[PDB]
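Below sits a lone chain in structure tokens, taken as the form deposited in one PDB entry.
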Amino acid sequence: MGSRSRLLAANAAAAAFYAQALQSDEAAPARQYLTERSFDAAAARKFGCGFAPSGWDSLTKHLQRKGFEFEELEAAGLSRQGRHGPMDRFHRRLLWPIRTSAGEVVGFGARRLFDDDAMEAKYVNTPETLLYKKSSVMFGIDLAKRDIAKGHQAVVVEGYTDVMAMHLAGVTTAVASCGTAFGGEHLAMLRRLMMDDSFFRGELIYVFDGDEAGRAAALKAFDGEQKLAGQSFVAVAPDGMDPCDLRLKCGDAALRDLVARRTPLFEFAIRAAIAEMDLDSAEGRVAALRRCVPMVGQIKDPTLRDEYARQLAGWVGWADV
């Protein structure tokens, strides 16, 4: 009673219930959200997509009949303390079940679909429980687990629909931060899977939406450098778009090649600084070096710093590229 093995059965029973409810009459805008961005019902079923019904306690009552006591459901982040009996957490929202590496269901990410929705946020997730650890949790991990270790690659993307779009386009290494910013436990988790024989060898690709978001991620490459900055990479979609919207406009090939034709994390940052530079005659040419040999100076890896110093003169214009 009220232990991991029980609570994972509740979330599994809930996943089934929410996946059942996706096919109802009132779940029309939920299915339309998916098909609007090229996600058919077979894709929705692969990622466990679901709908949260509109009533007070449509889930709580369903699980209470299946045998689950309320205190277990409260602990699993499905039901909650109400006035006239217990009530549900999620209402009138498109759901994505969030699984572990093992494929055990730990929580849900719920998207808004209605203007009269009482909940403010565009996305809301399961609260902190014994099962659901926001800071370590990642969407897509159950599917990607084997492909990231085999391939020695991981593609980090922003949202839920970005992970679906990547997986359907062949990029099965794709995962998402899921509720908050990408962080240390997420890296630690991903890094552990790519390890072989007590050595890390793979590559760590970060996809971004718009340009400044990625420039505002490359900046922080130099912040600590304890991470695998040498094995980190950046991919930015053509001016404006993100992986989901890129798939609609230009098809599954554009995603495969966005990942393929990427840039190293330090390179992207350095060249971003040269991009915003005058570079005509010697005036702005020296102003480039002035500003971004400090950037090279900050690189702690001497093998890697020597490589960027070699190429620095060429990129600004004073040497042959």
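Residue indices: 1-based, along the sequence shown. Take the two forms, superpose them, and find the largest set of C-alpha atoms that agree within 1.5 Å; that set is the rigid core.
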| property | result |
| --- | --- |
| Residue stretch of maximal mean CA temperature factor, 226-234 vs 191-199 | 191-199 |
| Mean Cα B-factor comparison, 205-213 or 166-174, giving the higher one as deposited | 205-213 |
| Options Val293, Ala41, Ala269, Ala260 - largest CA temperature factor per the record | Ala41 |
| From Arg111, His186, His152, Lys220, residue of greatest CA B-factor | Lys220 |
| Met138 by Cα B-factor - lowest, middle or highest third of the modelled chain | middle |
| Entry-reported Cα temperature factor of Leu304, expressed as the chain third it lands in | lowest |
| Lowest, middle or highest third - CA B-factor, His91 | middle |
| Where the record places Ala273 (Cα B-factor, split into thirds across the chain) | middle |
| Cα B factor band for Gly317 (lowest, middle or highest third within the chain) | middle |
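Below: the form deposited in another entry, not depicted.
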query: From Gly224, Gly184, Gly103, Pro127, residue displaced between the shown form and the other one - CA threshold 2 Å or more, rigid core; finding: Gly224
query: Core superposition between the shown form and the other one, C-alpha change of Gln298 at least 2 Å; finding: yes
query: Core-aligned C-alpha movement of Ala213 between the shown form and the other one, 2 Å or more; finding: yes
query: Core-aligned C-alpha movement of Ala41 between the shown form and the other one reaching 2 Å; finding: no
